[PDB]
Amino acid sequence: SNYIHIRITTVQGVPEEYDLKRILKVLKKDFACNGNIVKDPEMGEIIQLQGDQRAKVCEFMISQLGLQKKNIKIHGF
RNA sequence: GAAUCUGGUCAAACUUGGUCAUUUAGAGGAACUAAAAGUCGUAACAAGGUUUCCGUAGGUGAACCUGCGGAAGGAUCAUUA
Ligand SMILES: [Mg+2]
Ligand SMILES: [Mg+2]
Ligand SMILES: [Mg+2]
Ligand SMILES: [Mg+2]
Ligand SMILES: [Mg+2]
Ligand SMILES: [Mg+2]
Ligand SMILES: [Mg+2]
C-alpha cells in the first residue's frame, strides 16, 4: 500500500511520519502556489497546489521524506 | 710593538614565543545586480475596488495584512445651517 499519485493538482496518498502544516509551509514557499490541506472523509488525504509543476512536486517529495521514487506514478492529465 | 685576552659600548642577526597590519586560500552560509517569453498570486497608481504612507509589534508562500499612535504626499481648505 502507501501508494501516492498526483492528479491535476492534488496529491493523494501521503505518509504521516511528519507533521502536515510544516509540509504546507515548505510547499507554498518552494512552489509559490496556493496551498490547501483538504481532508475528505476516508479518501487519500488531499494536498492541493496550483499550477503544472509536477517536476517541482517531484523535487519537493524528494526533499521532504521521499527516498523510494518508485511507487510514484503521476498521471499526466 | 703583533697575535692573544678582562671588561664595556654601538649593536647587525639568530632561537623562541606574543602582537597587530598586508596579501592569501577556505567547506559552506548569506545576498545584490543584470539577465525579461518561467512560476503563483495582484500588493501599489483611480475610492487599486479594504484610502494611501510613517514608526512600532506579531503572524504569514510572497506581494502583505492585523493592532497602537501618527501625517496629507486624501478622496474634505466649508455647517455661526
Ligand atoms: Mg665589544
Ligand atoms: Mg548569483
Ligand atoms: Mg500563474
Ligand atoms: Mg490589486
Ligand atoms: Mg489597497
Ligand atoms: Mg472590497
Ligand atoms: Mg518623495
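Provided above is the structure to which this section pertains.
The numbering shown runs from 1 along each chain in the order of its written sequence and may not match that of the entry; residues for which no coordinates exist are omitted. To label them, take the chains in the order written and letter them from A, then take the ligands in the order written and number them from 1. For these chains, which sit within a larger assembly, all listed values pertain solely to the part presented. Side-chain numbers here rest on the full set of heavy atoms in the structure, without hydrogens or water.

> Please provide a residue-by-residue account of the protein's contact with RNA strand B, values included.
Neighbouring RNA strand B are the residues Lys25, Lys28, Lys29, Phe31, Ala32, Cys33, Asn34, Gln50, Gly51, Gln53 and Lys56. Whether a residue is near a molecule or strand depends on its heavy atoms: it is near if one of them lies within 4 Å of it. When atoms of RNA strand B within 4 Å of the protein are split into backbone and base, the sugar-phosphate part holds 62%. At 3.1 Å from a base oxygen of RNA strand B is found a main-chain nitrogen or oxygen belonging to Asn34. Secondary structure elements are taken from DSSP: a helix is a run of H or I of four residues or more, a strand is a run of E of two residues or more, and numbering for both begins at the N terminus. In terms of residue count, the dominant contributor to the surface near RNA strand B is helix 1 (residues 20–31) (four residues). For this analysis, a polar contact is any N or O atom pair within 3.5 Å, provided that within protein one partner can donate a hydrogen and the other can accept it, and provided that sequence-adjacent residues contribute only side-chain to side-chain pairs.

> Lay out a positive patch on the surface in plain terms, naming residues and giving numbers.
Each patch is built from salt-bridge-free residues with over 30% relative accessible area, joining like charges within 9 Å and nonpolar side chains (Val, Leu, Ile, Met, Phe, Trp, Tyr) within 5 Å. The protein chains shown are the only cover counted for residues, whose accessible areas, like all others here, come from Shrake-Rupley with a 1.4 Å probe. Here a salt bridge means any side-chain nitrogen of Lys or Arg lying within 4 Å of a carboxyl oxygen belonging to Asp or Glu. Residues scored as charged are limited to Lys and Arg (positive) and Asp and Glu (negative), so that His and the chain ends carry no count. For charged residues, the charge sits on one atom: NZ in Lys, CZ in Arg, CG in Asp, CD in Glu. A contiguous patch of positive charge, built from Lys21, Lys25, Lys28 and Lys29, is present on the exposed surface. If you trace the backbone, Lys25 turns up in helix 1.

> Account for the nonpolar core, with residues named and values stated.
Most often, soluble globular proteins keep nonpolar side chains buried together rather than apart. Take the buried residues of types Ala, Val, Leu, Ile, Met, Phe, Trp, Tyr and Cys, join any two whose side-chain atoms come within 4.5 Å, and each joined set is a nonpolar core. Accessibility here uses a 1.4 Å probe with only protein chains present; expressed as a share of the type maximum, an area under 20% marks a residue as buried, one over 50% as exposed, and anything in between as partly exposed. With 14 residues, the main nonpolar core has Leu27, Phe31 and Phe60 as its most contacted residues. Broken down by secondary-structure element, the contributors of at least two residues to this core are helix 1, strand 4 (46–49) and helix 2 (54–64). Per element, the largest residue contribution to this core is four residues, and it comes from helix 2. If near-sequence neighbours (up to four positions away) are discounted, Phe31 is found in contact with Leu49, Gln53, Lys56, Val57 and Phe60. Between two residues, a contact is recorded if the distance between any of their heavy atoms is within 4.5 Å.

> Account for the sheet that holds strand 2 (residues 10–12), with residues named and values stated.
One bridge is not enough; two strands pair if DSSP finds at least two bridges between them. Read from one edge of the open sheet, four strands run 1-2-4-3, paired in antiparallel fashion. The outermost strands of the open sheet, each flanked by one partner alone, are strand 1 (5–7) and strand 3 (35–38). Sheet twist, expressed as the mean angle between neighbouring strand axes with direction ignored, is 25 degrees. Here strand 3 pairs with strand 4 via four bridges, running antiparallel. Each bridged residue has a counterpart across the sheet, and for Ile37 the counterpart in strand 4 is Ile47. In this analysis, axes come from line fits to C-alpha atoms, helices being fitted only over the stretch in contact, and the angle between any two N-to-C directions falls in the range 0 to 180 degrees.

> Kindly report on unusual backbone geometry, identifying the contributing residues and their values.
Its identity as a non-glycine residue notwithstanding, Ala32 has a phi of 60 degrees, on the positive side. Structurally, the position occupied by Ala32 is in the loop between helix 1 and strand 3. Judged by its relative accessible area of 66%, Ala32 falls in the exposed class. A positive phi angle is found at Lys69, which is not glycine, with a value near 60 degrees. Relative to the helices and strands, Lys69 resides in the segment after helix 2. On the basis of relative accessible area, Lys69 is assigned to the partly exposed category, the value being 39%.

On their own, these measurements won't tell you what the molecule is for.
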